[PDB]
Amino acid sequence: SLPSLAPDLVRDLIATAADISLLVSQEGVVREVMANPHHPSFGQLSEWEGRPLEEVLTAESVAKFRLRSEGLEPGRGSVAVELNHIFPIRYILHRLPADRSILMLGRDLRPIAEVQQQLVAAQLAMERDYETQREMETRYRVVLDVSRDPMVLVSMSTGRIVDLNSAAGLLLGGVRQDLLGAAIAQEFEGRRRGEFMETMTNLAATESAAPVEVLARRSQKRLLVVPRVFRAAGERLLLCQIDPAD
Amino acid sequence: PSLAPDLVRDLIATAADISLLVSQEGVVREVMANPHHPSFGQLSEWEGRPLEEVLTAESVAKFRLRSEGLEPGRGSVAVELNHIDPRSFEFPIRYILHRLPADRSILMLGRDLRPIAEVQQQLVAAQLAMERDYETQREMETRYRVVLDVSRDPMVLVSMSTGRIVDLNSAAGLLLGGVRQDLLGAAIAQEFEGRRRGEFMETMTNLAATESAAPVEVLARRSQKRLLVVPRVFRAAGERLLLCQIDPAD
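A. Examining the sheet that holds strand 3 (residues 79-84) of chain A more closely. All names here are of chain A. Read from one edge to the other, the open sheet built from five strands follows the order 2-1-5-4-3, with strand pairing classed as antiparallel. The outermost strands of the open sheet, each flanked by one partner alone, are strand 2 (30-35) and strand 3. The average angle at which neighbouring strand axes cross in this sheet is 25 degrees, direction not considered. Direction of pairing for strand 4 (residues 88-95) relative to strand 5 (residues 102-108): antiparallel, over a ladder of seven bridges. Paired with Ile 92 across the bridge in strand 5 is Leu 105. Helix 2 (residues 59-70) contacts strand 3, strand 4 and strand 5 of the sheet and is inclined by roughly 170 degrees relative to strand 3.

As structure tokens, this is what we get:
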């Protein structure tokens, strides 16, 4: 249990547990301000002393203080109320027995309000990144799908079709679901994964050289394939434009 | 103002969110709850047991360093500590330590850090979500840029909101008679003789909605070429994109 505590130490304990503490007379005048020597900001509230508590509360807080305080009788009890100064504060109120004065023990709510504000910013940032990602995905789909230039997108490591448009589908002789994930070499008669990917890669590396001549299995069309290599998110992709050769 | 010992305990228990009284030898002597502050659970079982039992390893060391030099009447020290509750869940408290003169016990006055840690955990989670969404945008943007630029189909992307060009490829640049640098940001309607933003954007939106093969015939100002424009409209993330497909008319 708590041993005996000198008045000076009791004042210091209270002042340090609370962020801001007020002694207020029965008349409603701020008799003493005790601010936490550890807690930031406060301490310029020297000026609050001698002045009406109502002078440092919003309209809404005054009425609220009045209501919750009128009932408060001096004894074993306390009551809690959130108030706003000219910043938000949780006060626990005690009425002292000798002169009906009110001791208000304040817990500063600015730190929690501050992190909430950050969370609000965080959440708006996520909305922005999500919308912008969807906007880019849509531009990508739109440009690729509407384009009359037959194009196929191929993964350099797997040799598989990762995307294409319907114009490529027509020239290749297949529908989207057949062609997505299909090994590109295997769509052309006589080609195999190894040598075909090496051909495209070498081709893509020189601007002056002709396209590759292939025969599409499904459509039985001779086609000219023109490959371009680029990096997307680290990964190497081949973008091939295809034309009828005959 | 002078105060009786019982009220003094009550003032101190209600000024802190939670407070502990620890003997000089390190045994928890009292856990004082603040009845107006949100519950920490039943922590009364801490009483009569060592403080070291209820702190993480790092906090034990930290409490040692902060408190050991602390003298009575010689001020107080702030320290943030991680507790481990009887159910093995951790919770953070910022304490102010005083050493009491009568017996050299330590009175620890706590501010609850749970709501701050909770929000901070949400902030870290949000960063992670943003990062994943950013990387995905880079992939899409890279693909979009290469596809648009490589495509021989002449295309101009127009903002529905402003009627200004937001992108195009060089096949479109050639037909319009301009370089990228001059066309980006430019009002699309003003590229074409006798056309105006309001009527032109309306015509494009209405035609797109009709799903028609009939183009708009226009005369490009810079190149003086007769062109055929087929619009399509796409909606993403609460705004619209007008895609103009362009062909020479002759």
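Past the structure itself, the notes keep going.
B. Representation of the UniProt feature "domain: PAS" (unreviewed entry) in chain B in the model. Sequence positions flagged by UniProt for "domain: PAS" (unreviewed entry) are, in local numbering, residues 140-192 of chain B. Within residues 140-192 of chain B, the helical portion is 42% and the strand portion 17%, while the C-alpha atoms at the span's ends are 32 Å from each other.

C. Layout of the interface of chain B and chain A. With 70 residues of chain B at the interface, the matching set in chain A holds 68 residues. Between chain B and chain A lies a buried interface of about 6,000 Å² when both sides are counted; carbon and sulfur atoms form 70% of it. As a salt-bridge pair, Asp 149 of chain A and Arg 152 of chain B come within 2.9 Å of each other at their nearest N and O atoms. Seen at the junction of chain B and chain A, the total is 21 residue pairs in polar contact. Sorting elements by how many residues they give to the side of chain B that touches chain A places helix 3 (residues 114-150) of chain B first, with 22 residues.

D. The sheet that holds strand 7 (residues 165-168) of chain B, seen in detail. All names here are of chain B. On the basis of which strands lie adjacent, the open sheet formed by five strands has the order 7-6-10-9-8 and antiparallel pairing. The open sheet has two free edges, formed respectively by strand 7 and strand 8 (216-219), since each of these has just one partner strand. Strand-to-strand twist of the sheet, defined as the mean angle between neighbouring strand axes without regard to direction, takes the value 35 degrees. In this structure, strand 8 lies alongside strand 9 (residues 226-236), joined through four bridges in antiparallel fashion. Residue pairing in the sheet places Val 218 in a bridge with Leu 227 of strand 9. Lying on the sheet, helix 3 is in contact with strand 6 (155-159) and strand 7; it crosses strand 7 at an angle near 70 degrees.

E. Fine view of the layout of surface pockets. Of the volumes computed, that of the largest pocket is approximately 760 Å³. What lines the largest pocket is a set of 31 residues, among which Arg 107, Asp 108 and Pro 111 of chain A together with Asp 112 and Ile 116 of chain B lie closest to the centre. No other element matches the five residues that helix 3 (residues 110-146) of chain A contributes to the lining of the largest pocket. Across the lining of the largest pocket, the residue classes tally to 13 nonpolar, six polar and 12 charged. Lining the second largest pocket are 24 residues, and of these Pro 7, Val 10 and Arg 11 of chain A together with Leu 3 and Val 8 of chain B lie nearest its centre. Broken down by secondary-structure element, the contributors of at least two residues to the lining of the second largest pocket are helix 1 (7-17) and strand 2 of chain A together with helix 1 (5-15) of chain B. Per-element accounting of the lining of the second largest pocket gives the leading share, five residues, to helix 1 of chain A.

F. Local environment of the pairing of strand 2 (residues 28-33) of chain B. Residue and element names in this part refer to chain B. Note: strand 1 (residues 18-22) against strand 2, five bridges, orientation antiparallel. Counted as the bridge partner of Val 22 is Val 28 from strand 2. Connecting strand 1 to the next strand, strand 2, in antiparallel fashion are five residues, including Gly 26 with a positive phi near 100 degrees.

G. Structural detail: the domain arrangement of chain B. By domain assignment, chain B separates into domain 1 (1-113) and domain 2 (152-250). For domain 1 of chain B and domain 2 of chain B, the distance between their C-alpha centres works out to 71 Å.

H. Up close: the nonpolar core. Core analysis: the largest hydrophobic core is formed by 25 residues, its most contacted members being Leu 5 and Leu 103 of chain A together with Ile 12 and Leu 107 of chain B. Sorting the residues of this core by element identifies helix 1 and strand 5 of chain A together with helix 1 and strand 5 (106-112) of chain B as the ones contributing at least two each. Not counting the four nearest positions on each side in its chain, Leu 107 of chain B is found in contact with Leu 2 and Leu 13 of chain A together with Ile 12, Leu 20, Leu 21, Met 32, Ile 96, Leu 97, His 98 and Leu 100 of chain B.

I. Summary view of the packing of helix 1 of chain A against helix 1 of chain B. For the pair helix 1 of chain A and helix 1 of chain B, interaxial distance at closest approach is 8 Å and the crossing angle is 20 degrees. Relative to helix 1 of chain B, helix 1 of chain A is oriented roughly parallel. Remark: the crossing between helix 1 of chain A and helix 1 of chain B carries left-handed chirality. Taken together, the residues of helix 1 of chain B that come into contact with helix 1 of chain A (itself represented by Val 10, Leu 13, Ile 14 and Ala 17 of chain A) are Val 8, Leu 11, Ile 12 and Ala 15 of chain B. Tallied by class, the residues present in the contact of helix 1 of chain A with helix 1 of chain B amount to eight nonpolar, no polar and no charged.

The rules behind these values
- Within each chain the first residue of the written sequence is number 1 and the count goes on from 1 in that order, possibly differing from the entry; residues lacking coordinates are omitted.
- Written order decides the labels, with chains lettered from A and ligands numbered from 1.
- The basis for every side-chain value is the complete set of heavy atoms in the structure, and neither hydrogens nor water enter the calculation.
- By the convention used here, strands pair only if DSSP detects at least 2 bridges between them.
- Only DSSP runs of H or I covering at least 4 residues are called helices, and only runs of E covering at least 2 are called strands; the numbering of each starts at the N terminus.
- Fitting a line to C-alpha atoms yields each axis, with helices limited to the stretch in contact; the angle taken between N-to-C directions then spans 0 to 180 degrees.
- Residue contacts are defined here by distance: any two heavy atoms, one from each residue, within 4.5 Å place the two residues in contact.
- UniProt positions are given in the numbering used here, feature names are shortened, and annotations may be inferred rather than shown by experiment.
- By convention, the term buried area covers the 1.4 Å-probe accessible surface removed from two parts as they join, with the contributions of both added.
- By definition here, a salt bridge exists when the distance from a side-chain nitrogen of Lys or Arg to a carboxyl oxygen of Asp or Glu is within 4 Å.
- Pairs of N or O atoms are called polar contacts if they sit within 3.5 Å, as long as, within protein, a hydrogen donor faces a hydrogen acceptor (for residues adjacent in sequence, only side-chain-to-side-chain pairs).
- Site definitions follow a grid-based scheme: protein atoms alone, a 1 Å grid, a 1.4 Å probe that fits but cannot get out for cavities, and for pockets an open set with protein on both sides within 12 Å along at least five of seven lines, plus lining residues having an atom within 4 Å of a point.
- Grid points are joined across faces, edges and corners, and a volume is the space filled by probe spheres set on the points.
- Classification used: nonpolar for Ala, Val, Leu, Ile, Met, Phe, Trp, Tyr, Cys and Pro, charged for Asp, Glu, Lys and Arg, polar for all others including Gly.
- The split of the chain into domains comes from an automatic or database domain assignment.
- By convention a nonpolar core is built from buried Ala, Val, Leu, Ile, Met, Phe, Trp, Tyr and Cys residues, the set being connected through side-chain atoms within 4.5 Å.
- Relative accessibility under 20% of the residue-type maximum defines a buried residue, over 50% an exposed one, and the middle range a partly exposed one, all with a 1.4 Å probe and only protein chains included.
- Here is the rule for angles: anything less than 35 degrees is roughly parallel, anything more than 145 is roughly antiparallel, 65 through 115 is roughly perpendicular, and the remaining ranges are oblique.
- Left-handed describes a crossing whose near helix is turned anticlockwise from the far helix by less than a right angle; the clockwise case is right-handed.

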